[PDB]
Protein chains: 4
Amino acid sequence: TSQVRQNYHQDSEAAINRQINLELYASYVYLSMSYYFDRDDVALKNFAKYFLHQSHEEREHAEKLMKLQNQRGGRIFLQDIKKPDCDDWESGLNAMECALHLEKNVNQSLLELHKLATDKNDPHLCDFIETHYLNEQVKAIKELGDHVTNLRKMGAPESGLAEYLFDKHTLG
Amino acid sequence: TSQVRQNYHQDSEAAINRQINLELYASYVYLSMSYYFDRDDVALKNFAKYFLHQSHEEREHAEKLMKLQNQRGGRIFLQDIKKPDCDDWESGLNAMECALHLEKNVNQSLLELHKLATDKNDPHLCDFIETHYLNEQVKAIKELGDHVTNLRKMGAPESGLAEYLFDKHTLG
Amino acid sequence: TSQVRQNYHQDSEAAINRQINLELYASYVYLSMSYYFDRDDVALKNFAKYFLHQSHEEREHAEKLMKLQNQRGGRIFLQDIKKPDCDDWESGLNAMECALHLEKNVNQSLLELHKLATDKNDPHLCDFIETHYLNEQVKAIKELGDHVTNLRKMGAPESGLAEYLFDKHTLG
Amino acid sequence: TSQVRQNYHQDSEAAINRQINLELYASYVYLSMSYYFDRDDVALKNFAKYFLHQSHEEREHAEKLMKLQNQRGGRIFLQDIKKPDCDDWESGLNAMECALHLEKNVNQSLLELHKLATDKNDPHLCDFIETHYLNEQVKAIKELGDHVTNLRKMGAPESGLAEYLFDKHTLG
Ligand SMILES: [Cl-]
Ligand SMILES: [Cl-]
Ligand SMILES: [Cl-]
Ligand SMILES: [Cl-]
Ligand SMILES: [Cl-]
Ligand SMILES: [Cl-]
Ligand SMILES: [Cl-]
Ligand SMILES: [Cl-]
Ligand SMILES: [Cl-]
Ligand SMILES: [Cl-]
Ligand SMILES: [Cl-]
Ligand SMILES: [Cl-]
Ligand SMILES: [Cl-]
Ligand SMILES: [Cl-]
Ligand SMILES: [Cl-]
Ligand SMILES: [Cl-]
Ligand SMILES: [Cl-]
Ligand SMILES: [Cl-]
Ligand SMILES: [Cl-]
Ligand SMILES: [Cl-]
Ligand SMILES: [Cl-]
Ligand SMILES: [Cl-]
Ligand SMILES: [Cl-]
Ligand SMILES: [Cl-]
Ligand SMILES: [Cl-]
Ligand SMILES: [Cl-]
Ligand SMILES: [Cl-]
Ligand SMILES: [Cl-]
Ligand SMILES: [Cl-]
Ligand SMILES: [Cl-]
Ligand SMILES: [Cl-]
Ligand SMILES: [Cl-]
Ligand SMILES: [Cl-]
Ligand SMILES: [Cl-]
Ligand SMILES: [Cl-]
Ligand SMILES: [Cl-]
Ligand SMILES: [Cl-]
Ligand SMILES: [Cl-]
Ligand SMILES: [Cl-]
Ligand SMILES: [Cl-]
Ligand SMILES: [Cl-]
Ligand SMILES: [Cl-]
Ligand SMILES: [Cl-]
Ligand SMILES: [Cl-]
Ligand SMILES: [Cl-]
Ligand SMILES: [Fe+2]
Ligand SMILES: [Fe+2]
Ligand SMILES: [Fe+2]
Ligand SMILES: [Fe+2]
Ligand SMILES: [Fe+2]
Ligand SMILES: [Fe+2]
Ligand SMILES: [Fe+2]
Ligand SMILES: [Fe+2]
Ligand SMILES: [Fe+2]
Ligand SMILES: [Fe+2]
Ligand SMILES: [Fe+2]
Ligand SMILES: [Fe+2]
Ligand SMILES: [Fe+2]
Ligand SMILES: [Fe+2]
Ligand SMILES: [Fe+2]
Ligand SMILES: [Fe+2]
Ligand SMILES: [Fe+2]
Ligand SMILES: [Fe+2]
Ligand SMILES: [Fe+2]
Ligand SMILES: [Mg+2]
Ligand SMILES: [Mg+2]
Ligand SMILES: [Mg+2]
Ligand SMILES: [Mg+2]
Ligand SMILES: [Mg+2]
Ligand SMILES: [Mg+2]
Ligand SMILES: [Mg+2]
Ligand SMILES: [Mg+2]
Ligand SMILES: [Mg+2]
Ligand SMILES: [Mg+2]
Ligand SMILES: [Mg+2]
Ligand SMILES: [Mg+2]
Ligand SMILES: [Mg+2]
Ligand SMILES: [Mg+2]
Ligand SMILES: [Mg+2]
Ligand SMILES: [Mg+2]
């Protein structure tokens with residue numbers, strides 16, 4: 001056993017490794033989405049910028065969990081990062097909808113992680129999740145919902161003008 | 001023979017003179033396009049600004065080739081600069097499409113020039129073309145493609161509103 | 001066909017997608033190595049810092065290739081990012097040796113990519129690889145070789161003192 | 001009853017008084033350790049500096065708990081501060097090992113305190129412990145573990161050179 005390990009259940013350790021993979025997966029989804037908008041036949045540079053930033057944030061989320069694993073004396077075990085579900089993201093509205101679904105999926109995993117930490121009476125892990133993950137998720141989900149709403153109201157995805165104007169006035 | 005000349009084939013010298021003419025031609029096409037947008041019955045000042053800048057860049061491309069010719073000990077031979085294919089450029093979208101076609105034509109000529117330089121084992125000329133021309137062309141073509149895409153998606157050329165808003169938010 | 005595509009062979013497009021995956025793989029290897037050194041039973045923070053920086057550089061390499069793909073009118077196709085070969089990296093010396101092997105493997109792939117670009121007479125792609133990848137690889141390989149040499153000379157991996165002092169005076 | 005008291009169980013009040021004593025005890029252990037390293041026959045000034053800083057931090061931990069007691073309307077009851085277990089701390093490695101054991105003991109007490117607060121549904125007290133104590137403990141334990149590891153790897157306690165170099169390059 002690690003000399004630092006205390007009150008850190010093996011189930012929690014395993015769940016943290018699963019969460020690391022999921023955060024890296026989310027980084028990959030956003031990376032794919034970003035460069036879709038950089039295509040010459042899509043050409044929405046602020047959608048590209050927005051999703052690249054979200055991608056980099058997800059990687060920071062993963063790295064902080066790796067740091068946590070070591071802080072508590074667990075051992076990092078990495079798995080393949082699966083490719084995203086789509087190669088072609090169809091439209092700005094569709095990409096925002098997929099991002100919303102992704103963030104709610106990552107949130108559900110974080111909530112299950114917190115429930116495990118609660119079941120194992122690990123208040124340090126509970127605090128870590130609450131302080132660094134749960135409100136960030138709520139804010140991300142709200143922002144994506146807001147974006148979906150505006151795109152729908154403006155007439156996307158049929159209106160290429162709506163996508164263009166949203167790119168310029170909300171994402172730029 | 002020029003006291004400086006070394007490893008510089010007469011075919012390369014001639015091809016450089018042809019490229020000088022083509023770059024000046026491209027400058028002239030963009031000059032014509034620019035002032036079309038300055039017409040009182042067209043009145044898109046940022047289209048005018050954009051194309052005038054592209055015109056001035058083409059002249060810089062020509063002057064750098066003139067400098068190259070002398071650097072290598074070749075002799076500059078100038079020809080008439082042909083007037084552009086159109087007097088009336090029809091719309092912002094049509095002008096962007098013509099610019100895209102022009103830039104791909106200039107690129108093809110540069111690629112043929114590079115192949116000649118390769119065939120004659122002239123690595124200095126190869127480097128000159130690669131370092132100062134080829135990526136600039138790729139970037140210009142990508143930018144023009146992006147512009148065409150947005151104008152089409154926004155509803156041009158039928159939508160005068162699309163042209164106006166593109167002028168203001170992308171070119172301004 | 002993409003409106004921007006010119007002189008860009010389908011084989012080159014495919015090879016660029018393969019290179020994107022390899023660069024992301026290299027990012028993952030370095031990420032794994034970094035956090036190994038952050039373990040409480042390893043505890044070499046400058047090894048951790050060094051490898052995390054290398055990880056972030058590899059991701060930048062991947063993103064630039066994604067940008068290239070779109071610039072030339074190719075289409076990005078992503079694959080799973082394989083987990084690294086090891087979970088436990090054994091020592092500072094062993095990790096440096098693995099990094100050296102990785103960088104030489106990535107270099108070989110870049111050289112094969114350049115040979116394809118040469119075979120297809122794509123001087124823009126040749127220049128891109130030469131300007132942004134090949135010297136960076138040569139410098140990385142030389143630096144890693146230098147590091148391996150010093151660790152060996154100092155008495156690693158048997159000397160934990162050698163690893164500690166190298167961490168402090170070369171990597172810090 | 002205090003005019004401010006609300007949802008503050010008598011068991012929690014008593015447990016806070018016990019924690020105040022333990023934090024002062026930890027301050028005393030580190031004070032003793034610090035001046036051991038200031039002995040002319042030990043003479044490791046950065047070990048002395050490090051432990052004196054840890055001593056002062058423990059006193060701040062105690063004072064914040066005293067403030068908490070009054071904030072919630074409990075009453076502070078003080079007990080003797082026991083002398084540390086050792087007069088002679090043997091070596092830098094041994095002192096770091098004793099500090100690690102101390103911090104894990106203080107952590108266990110904090111975890112028991114948090115469980116009491118949970119059992120009595122006192123979310124303010126739960127938050128206080130999580131926000132101001134639990135991560136500080138995890139970080140302290142990780143840092144001490146890191147220090148023990150490096151000293152062992154470098155050849156302590158037999159190597160007086162290892163202790164000297166660690167003092168200079170990690171603690172200085
Ligand atoms: Cl445990
Ligand atoms: Cl367990
Ligand atoms: Cl997993
Ligand atoms: Cl796997
Ligand atoms: Cl699978
Ligand atoms: Cl998902
Ligand atoms: Cl349970
Ligand atoms: Cl709990
Ligand atoms: Cl919000
Ligand atoms: Cl908020
Ligand atoms: Cl919004
Ligand atoms: Cl507007
Ligand atoms: Cl010659
Ligand atoms: Cl000749
Ligand atoms: Cl001519
Ligand atoms: Cl003529
Ligand atoms: Cl003629
Ligand atoms: Cl043309
Ligand atoms: Cl020939
Ligand atoms: Cl050559
Ligand atoms: Cl570009
Ligand atoms: Cl570029
Ligand atoms: Cl555009
Ligand atoms: Cl092609
Ligand atoms: Cl082809
Ligand atoms: Cl692949
Ligand atoms: Cl795959
Ligand atoms: Cl496979
Ligand atoms: Cl490898
Ligand atoms: Cl071939
Ligand atoms: Cl070639
Ligand atoms: Cl070098
Ligand atoms: Cl160099
Ligand atoms: Cl070195
Ligand atoms: Cl009460
Ligand atoms: Cl009570
Ligand atoms: Cl007490
Ligand atoms: Cl007493
Ligand atoms: Cl007693
Ligand atoms: Cl103790
Ligand atoms: Cl109870
Ligand atoms: Cl509660
Ligand atoms: Cl830490
Ligand atoms: Cl932390
Ligand atoms: Cl340390
Ligand atoms: Fe975000
Ligand atoms: Fe951010
Ligand atoms: Fe995340
Ligand atoms: Fe997220
Ligand atoms: Fe330009
Ligand atoms: Fe310019
Ligand atoms: Fe040009
Ligand atoms: Fe041009
Ligand atoms: Fe590097
Ligand atoms: Fe760097
Ligand atoms: Fe790379
Ligand atoms: Fe590399
Ligand atoms: Fe030194
Ligand atoms: Fe401390
Ligand atoms: Fe401090
Ligand atoms: Fe404390
Ligand atoms: Fe402490
Ligand atoms: Fe809680
Ligand atoms: Fe909290
Ligand atoms: Mg998973
Ligand atoms: Mg699959
Ligand atoms: Mg328990
Ligand atoms: Mg918060
Ligand atoms: Mg001509
Ligand atoms: Mg004529
Ligand atoms: Mg020859
Ligand atoms: Mg260049
Ligand atoms: Mg591969
Ligand atoms: Mg596998
Ligand atoms: Mg060919
Ligand atoms: Mg270079
Ligand atoms: Mg006590
Ligand atoms: Mg006694
Ligand atoms: Mg109650
Ligand atoms: Mg906190």
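Quick note on labels: first sequence line is chain A, next is B, and so on, each numbered from 1. For the numbers below, each heavy atom of this structure counts, side chains included, while hydrogens, waters and symmetry mates do not.
Every residue was checked against the salt bridge (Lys or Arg N to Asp or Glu O under 4.0 Å) condition with A/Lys120, not counting sequence neighbours, and none meets it. The side chain to side chain contact (heavy atoms under 4.5 Å, CB included) check on A/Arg75 picks up A/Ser2, A/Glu13, A/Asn70, A/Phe77, C/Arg39, C/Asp40, C/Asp41, with sequence neighbours excluded. Remark: D/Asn94 engages D/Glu90, D/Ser91, D/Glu97, D/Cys98 in a side chain to side chain contact (heavy atoms under 4.5 Å, CB included) (not counting sequence neighbours). Residues passing the salt bridge (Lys or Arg N to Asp or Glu O under 4.0 Å) test with A/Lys115, sequence neighbours excluded: A/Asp119. Among residues two or more places apart in sequence or in another chain, the ring pair (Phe, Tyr, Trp, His ring centres under 6.0 Å) test is passed with A/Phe128 by A/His132, A/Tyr133. Legend: residues meeting salt bridge (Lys or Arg N to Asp or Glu O under 4.0 Å) with D/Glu63, ordered by chain and number and at least two apart, are D/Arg59. Every residue was checked against the salt bridge (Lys or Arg N to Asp or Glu O under 4.0 Å) condition with D/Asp11, not counting sequence neighbours, and none meets it. The side-chain hydrogen bond (donor to acceptor under 3.5 Å, both in side chains) search around C/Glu57 returns C/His53, not counting sequence neighbours. Not counting sequence neighbours, the partners of A/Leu144 by the side chain to side chain contact (heavy atoms under 4.5 Å, CB included) test are A/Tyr30, A/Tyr50, A/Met96, A/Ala99, A/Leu100, A/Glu103. Scanning for side chain to side chain contact (heavy atoms under 4.5 Å, CB included) contacts around D/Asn105 gives D/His101, with sequence neighbours left out.
Residue pairs meeting the salt bridge (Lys or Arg N to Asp or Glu O under 4.0 Å) criterion with at least one member in residues 18-28 of chain A: none, sequence neighbours excluded. Listed by first and then second residue, the ring-ring contact (aromatic ring centres under 6.0 Å, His included) pairs involving residues 151-172 of chain D are C/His169-D/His169, D/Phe47-D/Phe166, D/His147-D/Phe166 (not counting sequence neighbours).
In this structure, A/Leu113 and A/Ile16 have side chains that are in contact, with non-hydrogen atoms separated by less than 4.5 Å. Residues A/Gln69 and A/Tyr8 are in side-chain contact: their nearest non-hydrogen atoms beyond the backbone lie under 4.5 Å apart. With a 4.5 Å cut-off on side-chain heavy atoms, A/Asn21 and A/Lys82 do not count as touching. Looking only at side-chain heavy atoms (C-beta outward), A/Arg72 and A/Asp122 come within less than 4.5 Å of each other. A 4.5 Å side-chain heavy-atom check between A/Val106 and A/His61 finds every atom pair outside the cut-off. Using a 4.5 Å heavy-atom cutoff, the side chains of A/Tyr28 and C/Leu24 are in contact. C/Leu161 has its side chain within reach of D/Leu165: a pair of non-hydrogen atoms, C-beta onward, lies under 4.5 Å apart. By the 4.5 Å heavy-atom criterion applied to side chains, D/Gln137 and D/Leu134 are not counted as neighbours.
Judged by distance alone, the side chains of D/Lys153 and D/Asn150 never bring a donor and an acceptor atom under 3.5 Å apart. Side-chain atoms of A/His124 and A/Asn7 include no donor-acceptor pair closer than 3.5 Å. Side-chain polar atoms of A/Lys104 and A/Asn107 form no donor-acceptor pair below 3.5 angstrom. Between the side chains of C/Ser27 and C/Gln54, no donor-acceptor pair of N or O atoms lies under 3.5 Å.
The two residues C/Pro84 and A/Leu78 have their closest heavy-atom pair at CD-CD1, 4.4 Å. The shortest heavy-atom contact between D/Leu52 and D/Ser34 is CB-OG, 3.4 Å. D/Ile129 and D/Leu110 get closest at one heavy-atom pair: CG2-O, 4.1 Å.
Note on A/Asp80 versus C/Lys83: no salt bridge recorded, every NZ/NE/NH1/NH2 to OD/OE distance being 4.0 Å or above.
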TODO: Could you check A/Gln19 against A/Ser109 for side-chain contact (heavy atoms from CB on, under 4.5 Å), going step by step and ending with a plain yes or no?
DONE: CA-CA 7 Å; A/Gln19 190 73 31; A/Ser109 180; 2.6 Å; yes

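By the 6.0 Å contact criterion, CG on D/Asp87 is open, its count of non-hydrogen atoms from other residues, nucleotides or ligands being 12 or less. Counting heavy-atom neighbours within 6.0 Å of C/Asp146 CG, excluding the residue itself, gives a total above 12.
Listed for the D/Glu163 side chain is a donor-acceptor partner under 3.5 Å among the backbone atoms of D/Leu93.
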